[PDB]
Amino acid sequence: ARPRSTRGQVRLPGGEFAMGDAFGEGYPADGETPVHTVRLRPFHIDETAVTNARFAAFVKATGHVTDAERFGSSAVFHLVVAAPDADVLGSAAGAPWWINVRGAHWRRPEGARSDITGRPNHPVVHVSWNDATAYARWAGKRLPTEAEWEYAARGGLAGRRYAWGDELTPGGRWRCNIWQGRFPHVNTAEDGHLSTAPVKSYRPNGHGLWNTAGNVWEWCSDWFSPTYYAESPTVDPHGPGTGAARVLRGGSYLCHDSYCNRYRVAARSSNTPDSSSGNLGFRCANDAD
């Protein structure tokens, strides 16, 4: 436990909120219901997802090798692949818009022919749950619990669909980075961004958190279970004791209503802890006092 650091974090009061899909419109397999009352002690949470600049200081200081560098490849969205054809290990099965690209990792997130020199303030991607919790440890932080993330993401509002309210595009304007157009072939970039956006795009929510909806998925501490909500403690729920996949929240720049609207503040997803991809990052937290 390195010397605790609240740099770039806001302190949120905590208290009691209604966690879950207040509209019963979610995906049944994800267990967004029942809406259940949770009580959180005050905590800190990152204002933004972790940046390339910050994650790079972590690697410079610890020589950490990310799971995507060990496995040898990470998933890249097919429209933005920037690699020699030798490196394309072919479409991922079950979702052919994801190309397994050899050499694709956080420093070269579209493949061997890309860099992140122009994107220090973009969220870091190609980071697994292991890479995420490693960084947090080194940085004097931890990952948020799922409940901490949703409460922080709701921004002091109760029972809303999104971090800012219930209209997806208030005033007919975009305030988050997801997908527009015909997925997976055409992205019209109405929201300003094809792939990742800078961490402080648009505007923060009620608690000061930028881009909890969209941009990239965000690792949480919990194991995923679609029945945790109906069995949850009331105080500081940490998730079930074991599981198959760790929780992801927020959605990403690929989310679209046609197949995955998980940018809803109550939507949930998961993935195996050593998974990485070009739309998956994280933000840290910490206890208070």
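The first residue of the sequence shown is number 1, and the count goes up from there.
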Query raised in the report: Which is higher in the entry, the mean Cα B factor of 116-124 or that of 86-94?
Result: 86-94
Query raised in the report: Per the entry, where is the mean C-alpha temperature factor higher: 160-168 or 205-213?
Result: 160-168
Report task. Please work out which residue in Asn52, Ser252, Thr227, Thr48 has the highest C-alpha B-factor recorded for this crystal structure. Result -> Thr227
Query raised in the report: Compared with the other modelled residues in the chain, in which third is the CA B-factor of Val35?
Result: middle
Requested in this report: Quick one: classify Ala285 as lowest, middle or highest third of the chain based on its Cα B-factor.
Outcome: middle
**Report entry** CA B-factor placement of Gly72, once the chain's modelled residues are sorted into thirds
**Finding:** highest
Query raised in the report: If you rank the chain by CA B-factor, which third does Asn271 end up in: lowest, middle or highest?
Result: highest
Requested in this report: Select lowest, middle or highest to describe the third in which the CA B-factor of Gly181 falls within its chain in this entry.
Outcome: middle
